[PDB]
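To start, the structure under review is shown below, and the notes come after it.
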Amino acid sequence: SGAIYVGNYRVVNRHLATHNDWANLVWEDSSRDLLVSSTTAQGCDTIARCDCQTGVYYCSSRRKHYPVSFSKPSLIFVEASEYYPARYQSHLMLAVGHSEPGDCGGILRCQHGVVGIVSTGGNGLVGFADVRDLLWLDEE
Ligand SMILES: NC(=O)[C@H]1CCC(=O)N(Cc2cccc3c2OCC3)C1
Ligand SMILES: [Zn+2]
């Protein structure tokens, strides 16, 4: 689990969104595994606006924050899971590291702010859904 809180927006993994998130939906994309909903209170997170390929992510299944090198956002084949059939997921970045399904939502951050959230894993790899291209998260 986990979310990003920026301005009056809440960013979560689409597969973990609640009834309230869908009722207050701003934008969602199944191919990215992302959903953004509106909030009443102001958030305190800052979204990175950069092309960084190094950062730190939180891994709940190890209670640890790991420094990682990660790939640029791309279209990557993701195996079938409990929440989606086998498909290509877009805007996905991979790193060598540990990930289990319940780790989804863990933040990846660089010196500029939040880069994305954990979304995939397996085979000693961890994948993150990028949010740095969602420029509208910085306004209204
Ligand atoms: N973005 C997706 O398609 C998600 C949907 C929910 C989900 O359980 N997975 C599989 C998954 C995620 C993280 C870690 C691991 C996983 O499988 C093995 C280790 C993929
Ligand atoms: Zn950065």
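We name chains A, B, ... following the order of the structure tokens; residues begin at 1 in each chain, and ligands are numbered from 1 as shown.
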Which residues form the shell of 7 Å around ligand 2 when you count only C-alpha atoms and all ligand atoms, given as a list in words?
residues 48, 49, 50, 51, 52, 110, 111, 112 and 113 of chain A
Take the residues just selected and output them with C-alpha atoms as a PDB file, in the first residue's frame.
```pdb
ATOM      1  CA  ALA A  48      10.178  15.447  -9.306  1.00  0.00           C
ATOM      2  CA  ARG A  49      10.434  17.150 -12.765  1.00  0.00           C
ATOM      3  CA  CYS A  50      13.655  15.623 -14.084  1.00  0.00           C
ATOM      4  CA  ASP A  51      15.233  12.659 -15.938  1.00  0.00           C
ATOM      5  CA  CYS A  52      17.071  11.118 -12.825  1.00  0.00           C
ATOM      6  CA  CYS A 110      15.233  11.342  -6.117  1.00  0.00           C
ATOM      7  CA  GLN A 111      16.844  14.682  -5.076  1.00  0.00           C
ATOM      8  CA  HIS A 112      13.969  16.503  -6.937  1.00  0.00           C
ATOM      9  CA  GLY A 113      11.028  14.774  -5.253  1.00  0.00           C
TER      10      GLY A 113
END
```
Residues within 12 Å of residue A:69, only C-alpha atoms, excluding chain neighbours under 5 positions, as a ChimeraX atom specification
/A:52-57,93-97,108-110,125-128
File of the preceding selection, N, CA and C atoms, as an mmCIF file, in the first residue's frame:
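Final file, result_1.cif:
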```cif
data_model
loop_
_atom_site.group_PDB
_atom_site.id
_atom_site.type_symbol
_atom_site.label_atom_id
_atom_site.label_comp_id
_atom_site.auth_asym_id
_atom_site.auth_seq_id
_atom_site.Cartn_x
_atom_site.Cartn_y
_atom_site.Cartn_z
ATOM 1 N N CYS A 52 16.246 11.945 -13.752
ATOM 2 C CA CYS A 52 17.071 11.118 -12.825
ATOM 3 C C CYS A 52 16.874 9.627 -13.098
ATOM 4 N N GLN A 53 17.964 8.876 -12.945
ATOM 5 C CA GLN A 53 17.957 7.424 -13.037
ATOM 6 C C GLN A 53 18.537 6.786 -11.765
ATOM 7 N N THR A 54 18.720 7.578 -10.661
ATOM 8 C CA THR A 54 19.113 7.054 -9.362
ATOM 9 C C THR A 54 18.184 7.678 -8.304
ATOM 10 N N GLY A 55 17.893 6.884 -7.267
ATOM 11 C CA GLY A 55 17.012 7.310 -6.177
ATOM 12 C C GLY A 55 16.961 6.269 -5.076
ATOM 13 N N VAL A 56 15.976 6.411 -4.208
ATOM 14 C CA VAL A 56 15.764 5.504 -3.079
ATOM 15 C C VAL A 56 14.286 5.100 -3.069
ATOM 16 N N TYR A 57 13.995 3.805 -2.776
ATOM 17 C CA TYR A 57 12.577 3.396 -2.672
ATOM 18 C C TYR A 57 12.310 2.674 -1.384
ATOM 19 N N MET A 93 9.386 1.771 -15.002
ATOM 20 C CA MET A 93 10.844 1.817 -14.857
ATOM 21 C C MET A 93 11.260 0.604 -14.023
ATOM 22 N N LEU A 94 12.357 -0.094 -14.387
ATOM 23 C CA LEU A 94 12.788 -1.259 -13.603
ATOM 24 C C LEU A 94 14.130 -0.970 -12.891
ATOM 25 N N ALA A 95 14.321 -1.647 -11.792
ATOM 26 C CA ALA A 95 15.585 -1.650 -11.036
ATOM 27 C C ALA A 95 15.816 -3.060 -10.477
ATOM 28 N N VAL A 96 17.076 -3.366 -10.168
ATOM 29 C CA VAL A 96 17.405 -4.596 -9.493
ATOM 30 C C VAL A 96 17.134 -4.388 -8.014
ATOM 31 N N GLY A 97 16.145 -5.115 -7.519
ATOM 32 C CA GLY A 97 15.768 -4.987 -6.109
ATOM 33 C C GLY A 97 14.605 -5.880 -5.751
ATOM 34 N N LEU A 108 9.275 5.869 -4.777
ATOM 35 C CA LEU A 108 10.653 6.009 -5.276
ATOM 36 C C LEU A 108 10.864 7.533 -5.354
ATOM 37 N N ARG A 109 11.975 7.993 -4.742
ATOM 38 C CA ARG A 109 12.291 9.409 -4.775
ATOM 39 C C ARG A 109 13.720 9.700 -5.122
ATOM 40 N N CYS A 110 13.892 10.838 -5.775
ATOM 41 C CA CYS A 110 15.233 11.342 -6.117
ATOM 42 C C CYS A 110 15.458 12.694 -5.385
ATOM 43 N N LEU A 125 13.697 -8.207 -9.701
ATOM 44 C CA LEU A 125 13.489 -6.903 -10.273
ATOM 45 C C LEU A 125 12.317 -6.231 -9.537
ATOM 46 N N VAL A 126 12.326 -4.903 -9.523
ATOM 47 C CA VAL A 126 11.211 -4.120 -8.974
ATOM 48 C C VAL A 126 10.839 -3.085 -10.040
ATOM 49 N N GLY A 127 9.537 -2.897 -10.271
ATOM 50 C CA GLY A 127 9.118 -1.918 -11.264
ATOM 51 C C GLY A 127 8.325 -0.788 -10.630
ATOM 52 N N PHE A 128 8.511 0.420 -11.156
ATOM 53 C CA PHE A 128 7.846 1.622 -10.633
ATOM 54 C C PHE A 128 7.068 2.307 -11.733
#
```
Based on the backbone DSSP call, show me all residues of stretch 2-96 of chain A assigned strand (DSSP E), as an MDAnalysis selection string.
chainID A and resid 4:6 9:13 25:29 34:38 54:59 64:69 74:78 87:96
Could you list, as a count of residues only, all the residues within 9 Å of ligand 1, counting only C-alpha atoms and all ligand atoms?
41
Could you write out, as a list in words, all the residues of stretch 18-137 of chain A that DSSP marks as alpha helix (DSSP H)?
residues 19, 20, 21, 22 and 23 of chain A
Selection file, N, CA and C atoms, as a short mmCIF file (atom, residue, chain, number, x, y, z; two decimals), in the first residue's frame:
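Generated file (out.cif):
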```
data_model
loop_
_atom_site.label_atom_id
_atom_site.label_comp_id
_atom_site.auth_asym_id
_atom_site.auth_seq_id
_atom_site.Cartn_x
_atom_site.Cartn_y
_atom_site.Cartn_z
N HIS A 19 -13.42 2.87 -3.09
CA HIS A 19 -14.72 3.35 -3.53
C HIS A 19 -14.71 4.91 -3.61
N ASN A 20 -14.13 5.55 -2.60
CA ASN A 20 -14.02 7.02 -2.52
C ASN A 20 -13.15 7.55 -3.65
N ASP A 21 -12.01 6.88 -3.96
CA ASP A 21 -11.16 7.35 -5.04
C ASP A 21 -11.93 7.32 -6.38
N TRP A 22 -12.68 6.26 -6.67
CA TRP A 22 -13.44 6.17 -7.93
C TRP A 22 -14.58 7.23 -7.97
N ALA A 23 -15.24 7.50 -6.83
CA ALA A 23 -16.30 8.52 -6.75
C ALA A 23 -15.72 9.93 -6.95
#
```
Please provide as a PyMOL selection string all residues within 12 Å of residue A:11, with the sequence filter that same-chain residues fewer than 5 positions apart are discarded (counting only C-alpha atoms).
chain A and resi 1-6+16-18+21-22+24-29+33-39+43+45+47+105-107+114-117+129-131+134+137
